[PDB]
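Since the structure comes first, as structure tokens, the remarks are kept for the end.
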There are 2 protein chains.
Amino acid sequence: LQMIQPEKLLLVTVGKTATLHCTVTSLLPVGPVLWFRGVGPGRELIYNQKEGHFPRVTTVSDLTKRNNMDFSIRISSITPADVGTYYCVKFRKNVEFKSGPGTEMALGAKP
Amino acid sequence: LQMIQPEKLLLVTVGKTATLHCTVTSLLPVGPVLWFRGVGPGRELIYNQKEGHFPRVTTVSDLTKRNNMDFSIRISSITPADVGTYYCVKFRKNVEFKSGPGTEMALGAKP
């Protein structure tokens, strides 16, 4: 199982919706995929399919589909507060199993 | 009519599929949306819905839908040759009507 995050970095501007791409290369082992900003114990939960309310986040694909492998998310209304590295992380049934390499979100000036 | 490209820059690595996002804020005037790499007379056509064959390119949404406003594309198999600024451009029936601000694709080292 690999957690693929094709984009190392996104440069976004304030107000935009940013899409963070993540794919899994295997449907087993069984477990949820979570999104976090940062690593280590202080990291922030960004999305959990399993449960919770994430009003700024939507999923590109239907995570409840049996053979879904797309864990990409859209985060709306980006502010300077959102800069960081976002990790797509697979858990086993929970304990962390594998993490993606992270996608850095950086903030840029409007054209 | 605005041509929105939320991401100023994508840092991608070799072999990845990169997604270039573009949305139009209006369905009129009538005309096709093309993708180019670069600006000016020397610019390279990257995608044309109207016609042509672009084996490395797929569209995120169905461009033949009446009320489609999503002109985002996926370019597979990125190499250093793909670095540049990609512009989503609306034509009128053709003459260029409006361009997006461009999304730069840069190449990064693998994690």
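Ligands are numbered from 1 in the order shown, chains are lettered A, B, ... in the order of the structure tokens, and residues start at 1 in each chain.
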Per residue of chain B within 6 Å of chain A, record the nearest atom pair and its distance in Å to one decimal, counting only C-alpha atoms, with rows in chain order and ascending residue number, as a Markdown table.
```
| residue | atom | partner | partner_atom | distance |
| --- | --- | --- | --- | --- |
| B:6 | CA | A:16 | CA | 5.5 |
| B:7 | CA | A:12 | CA | 4.9 |
| B:8 | CA | A:11 | CA | 5.4 |
| B:9 | CA | A:11 | CA | 4.9 |
| B:10 | CA | A:10 | CA | 4.9 |
| B:11 | CA | A:9 | CA | 4.9 |
| B:12 | CA | A:7 | CA | 4.9 |
| B:16 | CA | A:6 | CA | 5.5 |
```
Using DSSP on the backbone, list every residue of chain A that comes out as strand (DSSP E or B), and give them as a count of residues only.
49
I'd like the neighbourhood of residue 1 (chain A) as a list in words, where a residue qualifies if any of its atoms comes within 7 Å (using only C-alpha atoms), though same-chain residues fewer than 5 positions away should be ignored.
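My list of contacting residues is residues 24, 25 and 26 of chain A.
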Could you superpose chain B on chain A by least squares over every Cα, matched in sequence order, and send it back as a compact mmCIF listing (two decimals) with N, CA and C atoms, in the first residue's frame?
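File out_30.txt, as written:
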```
# COMPACT_ATOMS: atom_id res chain seq x y z
N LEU B 1 0.84 -1.24 0.00
CA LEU B 1 0.00 0.00 0.00
C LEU B 1 0.85 1.26 0.00
N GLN B 2 0.61 2.11 -1.00
CA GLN B 2 1.26 3.41 -1.07
C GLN B 2 0.19 4.49 -0.98
N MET B 3 0.53 5.59 -0.31
CA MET B 3 -0.32 6.78 -0.21
C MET B 3 0.32 7.83 -1.10
N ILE B 4 -0.32 8.13 -2.24
CA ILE B 4 0.29 8.98 -3.26
C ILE B 4 -0.28 10.38 -3.16
N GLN B 5 0.61 11.36 -3.03
CA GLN B 5 0.23 12.76 -3.07
C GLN B 5 1.08 13.39 -4.18
N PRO B 6 0.51 13.48 -5.38
CA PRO B 6 1.31 13.87 -6.55
C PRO B 6 1.94 15.27 -6.49
N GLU B 7 1.29 16.19 -5.78
CA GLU B 7 1.72 17.56 -5.71
C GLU B 7 2.48 17.78 -4.38
N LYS B 8 3.77 18.12 -4.47
CA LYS B 8 4.60 18.44 -3.29
C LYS B 8 4.19 19.74 -2.66
N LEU B 9 3.74 20.67 -3.50
CA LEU B 9 3.41 22.01 -3.07
C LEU B 9 2.36 22.65 -3.99
N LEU B 10 1.44 23.38 -3.36
CA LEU B 10 0.44 24.21 -4.01
C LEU B 10 0.68 25.58 -3.50
N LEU B 11 0.79 26.51 -4.41
CA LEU B 11 0.77 27.92 -4.12
C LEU B 11 -0.61 28.46 -4.44
N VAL B 12 -1.30 28.90 -3.39
CA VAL B 12 -2.67 29.34 -3.49
C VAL B 12 -2.71 30.78 -3.02
N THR B 13 -3.82 31.44 -3.29
CA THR B 13 -4.03 32.81 -2.87
C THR B 13 -5.26 32.84 -1.97
N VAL B 14 -5.37 33.92 -1.21
CA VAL B 14 -6.45 34.04 -0.24
C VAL B 14 -7.82 34.04 -0.94
N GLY B 15 -8.76 33.31 -0.37
CA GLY B 15 -10.11 33.24 -0.89
C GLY B 15 -10.31 32.03 -1.78
N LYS B 16 -9.22 31.43 -2.28
CA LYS B 16 -9.38 30.31 -3.22
C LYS B 16 -9.75 29.01 -2.51
N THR B 17 -10.26 28.07 -3.30
CA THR B 17 -10.46 26.70 -2.86
C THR B 17 -9.28 25.89 -3.37
N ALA B 18 -8.61 25.18 -2.48
CA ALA B 18 -7.42 24.43 -2.83
C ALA B 18 -7.81 22.96 -2.85
N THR B 19 -7.30 22.21 -3.82
CA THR B 19 -7.54 20.77 -3.90
C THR B 19 -6.26 20.03 -3.56
N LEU B 20 -6.34 19.19 -2.53
CA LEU B 20 -5.23 18.38 -2.06
C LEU B 20 -5.46 16.95 -2.55
N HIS B 21 -4.61 16.48 -3.45
CA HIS B 21 -4.83 15.17 -4.06
C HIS B 21 -4.12 14.05 -3.28
N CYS B 22 -4.81 12.94 -3.15
CA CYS B 22 -4.28 11.75 -2.51
C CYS B 22 -4.98 10.52 -3.08
N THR B 23 -4.20 9.51 -3.44
CA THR B 23 -4.71 8.23 -3.89
C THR B 23 -4.04 7.11 -3.09
N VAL B 24 -4.78 6.03 -2.83
CA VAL B 24 -4.21 4.83 -2.23
C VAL B 24 -4.05 3.83 -3.37
N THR B 25 -2.99 3.03 -3.31
CA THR B 25 -2.73 2.02 -4.35
C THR B 25 -3.28 0.64 -3.97
N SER B 26 -3.88 0.54 -2.78
CA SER B 26 -4.47 -0.70 -2.29
C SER B 26 -5.65 -0.46 -1.36
N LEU B 27 -6.66 -1.33 -1.47
CA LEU B 27 -7.87 -1.25 -0.67
C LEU B 27 -7.73 -2.01 0.66
N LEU B 28 -6.66 -2.78 0.81
CA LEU B 28 -6.36 -3.49 2.06
C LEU B 28 -4.96 -3.09 2.53
N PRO B 29 -4.75 -2.96 3.86
CA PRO B 29 -5.63 -3.34 4.97
C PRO B 29 -6.84 -2.44 5.14
N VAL B 30 -7.82 -2.90 5.91
CA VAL B 30 -9.02 -2.11 6.19
C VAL B 30 -8.70 -1.01 7.18
N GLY B 31 -9.20 0.19 6.89
CA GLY B 31 -9.05 1.30 7.81
C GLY B 31 -9.36 2.63 7.16
N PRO B 32 -9.67 3.64 8.00
CA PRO B 32 -10.03 4.93 7.44
C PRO B 32 -8.79 5.72 7.00
N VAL B 33 -9.01 6.68 6.11
CA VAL B 33 -7.97 7.61 5.69
C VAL B 33 -8.37 8.94 6.29
N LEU B 34 -7.43 9.55 7.00
CA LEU B 34 -7.63 10.86 7.62
C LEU B 34 -6.69 11.84 6.96
N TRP B 35 -7.06 13.12 7.00
CA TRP B 35 -6.18 14.21 6.63
C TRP B 35 -5.76 15.00 7.84
N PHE B 36 -4.48 15.33 7.91
CA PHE B 36 -3.93 16.15 8.99
C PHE B 36 -3.10 17.27 8.40
N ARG B 37 -2.98 18.38 9.14
CA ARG B 37 -1.99 19.41 8.84
C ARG B 37 -0.90 19.30 9.88
N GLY B 38 0.32 19.05 9.42
CA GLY B 38 1.44 18.79 10.32
C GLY B 38 1.60 17.33 10.69
N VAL B 39 2.69 17.06 11.41
CA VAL B 39 3.01 15.74 11.89
C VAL B 39 3.20 15.79 13.41
N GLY B 40 3.29 14.62 14.02
CA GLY B 40 3.49 14.51 15.46
C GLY B 40 2.23 14.76 16.26
N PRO B 41 2.32 14.64 17.59
CA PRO B 41 1.14 14.74 18.48
C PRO B 41 0.33 16.04 18.37
N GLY B 42 0.99 17.14 18.04
CA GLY B 42 0.33 18.44 17.87
C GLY B 42 -0.39 18.64 16.54
N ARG B 43 -0.40 17.63 15.67
CA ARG B 43 -0.96 17.80 14.32
C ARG B 43 -2.48 18.00 14.38
N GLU B 44 -3.02 18.73 13.41
CA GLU B 44 -4.44 19.08 13.38
C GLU B 44 -5.21 18.19 12.41
N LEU B 45 -6.28 17.58 12.89
CA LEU B 45 -7.20 16.86 12.03
C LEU B 45 -7.93 17.81 11.09
N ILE B 46 -7.81 17.53 9.80
CA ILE B 46 -8.39 18.34 8.72
C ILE B 46 -9.66 17.66 8.16
N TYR B 47 -9.66 16.34 8.08
CA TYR B 47 -10.83 15.58 7.63
C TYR B 47 -10.78 14.15 8.14
N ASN B 48 -11.96 13.63 8.46
CA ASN B 48 -12.16 12.25 8.89
C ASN B 48 -13.50 11.83 8.28
N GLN B 49 -13.44 10.85 7.38
CA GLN B 49 -14.63 10.31 6.73
C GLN B 49 -15.48 9.68 7.80
N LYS B 50 -14.86 8.74 8.51
CA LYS B 50 -15.50 8.03 9.60
C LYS B 50 -16.52 8.95 10.28
N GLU B 51 -16.06 10.05 10.88
CA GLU B 51 -16.96 10.97 11.59
C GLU B 51 -16.38 12.36 11.87
N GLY B 52 -17.26 13.28 12.26
CA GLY B 52 -16.90 14.67 12.59
C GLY B 52 -17.43 15.64 11.54
N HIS B 53 -17.42 16.94 11.84
CA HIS B 53 -17.93 17.96 10.92
C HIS B 53 -16.82 18.89 10.43
N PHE B 54 -16.62 18.93 9.11
CA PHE B 54 -15.55 19.69 8.47
C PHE B 54 -16.16 20.59 7.39
N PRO B 55 -16.83 21.68 7.81
CA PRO B 55 -17.59 22.50 6.86
C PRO B 55 -16.79 23.07 5.68
N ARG B 56 -15.49 23.27 5.84
CA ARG B 56 -14.66 23.81 4.76
C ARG B 56 -14.16 22.74 3.78
N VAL B 57 -14.44 21.48 4.08
CA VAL B 57 -13.88 20.36 3.33
C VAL B 57 -14.95 19.54 2.62
N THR B 58 -14.71 19.24 1.35
CA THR B 58 -15.48 18.26 0.62
C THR B 58 -14.52 17.30 -0.05
N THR B 59 -15.03 16.10 -0.32
CA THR B 59 -14.22 15.08 -1.00
C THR B 59 -14.53 15.08 -2.49
N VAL B 60 -13.49 14.89 -3.30
CA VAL B 60 -13.66 14.85 -4.75
C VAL B 60 -14.49 13.62 -5.13
N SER B 61 -14.17 12.47 -4.54
CA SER B 61 -14.91 11.22 -4.83
C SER B 61 -15.76 10.79 -3.66
N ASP B 62 -16.60 9.79 -3.92
CA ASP B 62 -17.51 9.24 -2.91
C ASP B 62 -16.75 8.21 -2.08
N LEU B 63 -16.35 8.60 -0.88
CA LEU B 63 -15.51 7.72 -0.05
C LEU B 63 -16.21 6.44 0.42
N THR B 64 -17.54 6.41 0.33
CA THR B 64 -18.30 5.23 0.74
C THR B 64 -18.40 4.17 -0.36
N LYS B 65 -17.81 4.43 -1.52
CA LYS B 65 -17.76 3.44 -2.59
C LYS B 65 -16.70 2.39 -2.28
N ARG B 66 -17.14 1.14 -2.42
CA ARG B 66 -16.39 -0.06 -2.11
C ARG B 66 -14.98 0.02 -2.67
N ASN B 67 -14.87 0.32 -3.96
CA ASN B 67 -13.56 0.35 -4.60
C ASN B 67 -12.95 1.73 -4.79
N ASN B 68 -13.38 2.68 -3.96
CA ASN B 68 -12.80 4.00 -3.99
C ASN B 68 -11.34 3.99 -3.57
N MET B 69 -10.50 4.68 -4.34
CA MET B 69 -9.10 4.84 -3.98
C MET B 69 -8.68 6.31 -3.97
N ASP B 70 -9.63 7.22 -4.21
CA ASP B 70 -9.37 8.66 -4.30
C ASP B 70 -9.75 9.32 -2.99
N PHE B 71 -8.75 9.83 -2.28
CA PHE B 71 -8.96 10.53 -1.02
C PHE B 71 -8.71 12.03 -1.08
N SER B 72 -8.76 12.56 -2.29
CA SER B 72 -8.56 13.98 -2.54
C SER B 72 -9.69 14.80 -1.92
N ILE B 73 -9.31 15.96 -1.39
CA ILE B 73 -10.23 16.87 -0.71
C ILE B 73 -10.06 18.28 -1.26
N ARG B 74 -11.14 19.05 -1.19
CA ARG B 74 -11.15 20.48 -1.52
C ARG B 74 -11.36 21.26 -0.21
N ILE B 75 -10.49 22.24 0.07
CA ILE B 75 -10.61 23.12 1.24
C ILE B 75 -10.90 24.51 0.72
N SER B 76 -12.06 25.04 1.10
CA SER B 76 -12.51 26.32 0.60
C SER B 76 -12.00 27.47 1.48
N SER B 77 -12.01 28.67 0.92
CA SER B 77 -11.71 29.87 1.66
C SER B 77 -10.33 29.91 2.31
N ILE B 78 -9.30 29.64 1.53
CA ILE B 78 -7.95 29.58 2.09
C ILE B 78 -7.49 30.93 2.66
N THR B 79 -6.89 30.93 3.85
CA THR B 79 -6.30 32.12 4.44
C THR B 79 -4.84 31.83 4.78
N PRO B 80 -4.07 32.87 5.17
CA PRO B 80 -2.69 32.58 5.54
C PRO B 80 -2.56 31.54 6.66
N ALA B 81 -3.62 31.38 7.45
CA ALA B 81 -3.67 30.39 8.54
C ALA B 81 -3.62 28.94 8.07
N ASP B 82 -3.87 28.71 6.78
CA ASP B 82 -3.90 27.37 6.24
C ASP B 82 -2.58 26.86 5.70
N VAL B 83 -1.57 27.70 5.68
CA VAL B 83 -0.28 27.24 5.20
C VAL B 83 0.24 26.12 6.11
N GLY B 84 0.92 25.16 5.50
CA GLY B 84 1.40 23.98 6.20
C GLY B 84 1.53 22.83 5.24
N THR B 85 1.97 21.69 5.76
CA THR B 85 2.04 20.46 4.99
C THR B 85 0.87 19.55 5.42
N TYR B 86 0.10 19.12 4.44
CA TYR B 86 -1.10 18.29 4.64
C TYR B 86 -0.79 16.87 4.26
N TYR B 87 -1.11 15.96 5.18
CA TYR B 87 -0.78 14.57 5.05
C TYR B 87 -2.05 13.76 4.99
N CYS B 88 -2.09 12.89 4.00
CA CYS B 88 -3.12 11.91 3.83
C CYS B 88 -2.63 10.63 4.51
N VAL B 89 -3.33 10.16 5.55
CA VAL B 89 -2.85 9.08 6.40
C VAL B 89 -3.86 7.96 6.57
N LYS B 90 -3.39 6.75 6.27
CA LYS B 90 -4.14 5.52 6.40
C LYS B 90 -3.95 4.95 7.80
N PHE B 91 -5.06 4.59 8.44
CA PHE B 91 -5.04 3.91 9.72
C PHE B 91 -5.46 2.45 9.56
N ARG B 92 -5.06 1.62 10.52
CA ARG B 92 -5.56 0.27 10.65
C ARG B 92 -6.50 0.25 11.84
N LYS B 93 -7.44 -0.70 11.85
CA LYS B 93 -8.36 -0.90 12.97
C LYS B 93 -7.82 -1.95 13.93
N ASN B 94 -7.99 2.91 16.47
CA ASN B 94 -7.21 2.82 15.24
C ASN B 94 -5.73 3.15 15.46
N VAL B 95 -4.85 2.57 14.64
CA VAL B 95 -3.41 2.89 14.68
C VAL B 95 -2.93 3.31 13.29
N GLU B 96 -2.05 4.30 13.24
CA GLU B 96 -1.55 4.79 11.95
C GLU B 96 -0.78 3.69 11.22
N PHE B 97 -1.09 3.50 9.95
CA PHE B 97 -0.47 2.46 9.14
C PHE B 97 0.56 3.02 8.16
N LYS B 98 0.17 4.04 7.40
CA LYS B 98 1.05 4.66 6.39
C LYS B 98 0.63 6.09 6.11
N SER B 99 1.61 6.96 5.88
CA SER B 99 1.33 8.34 5.56
C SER B 99 1.82 8.64 4.16
N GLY B 100 1.12 9.55 3.50
CA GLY B 100 1.61 10.14 2.27
C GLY B 100 2.77 11.05 2.58
N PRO B 101 3.49 11.48 1.53
CA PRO B 101 4.68 12.30 1.70
C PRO B 101 4.41 13.76 2.10
N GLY B 102 3.14 14.15 2.05
CA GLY B 102 2.68 15.49 2.36
C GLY B 102 2.64 16.42 1.15
N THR B 103 1.68 17.33 1.17
CA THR B 103 1.53 18.36 0.14
C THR B 103 1.58 19.67 0.88
N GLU B 104 2.58 20.47 0.57
CA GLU B 104 2.69 21.74 1.23
C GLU B 104 1.74 22.74 0.59
N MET B 105 1.01 23.46 1.42
CA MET B 105 0.26 24.59 0.94
C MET B 105 0.97 25.88 1.30
N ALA B 106 1.32 26.67 0.30
CA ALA B 106 1.94 27.98 0.51
C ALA B 106 1.03 29.06 -0.06
N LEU B 107 1.19 30.25 0.47
CA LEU B 107 0.36 31.37 0.09
C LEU B 107 1.14 32.36 -0.78
N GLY B 108 0.48 32.81 -1.83
CA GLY B 108 1.08 33.65 -2.83
C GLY B 108 0.22 34.89 -2.99
N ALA B 109 0.76 35.87 -3.69
CA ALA B 109 0.07 37.14 -3.93
C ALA B 109 -0.86 36.94 -5.11
N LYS B 110 -1.95 37.68 -5.15
CA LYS B 110 -2.86 37.59 -6.28
C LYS B 110 -2.19 38.22 -7.49
N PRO B 111 -2.37 37.63 -8.68
CA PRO B 111 -1.93 38.18 -9.95
C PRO B 111 -2.31 39.64 -10.13
```
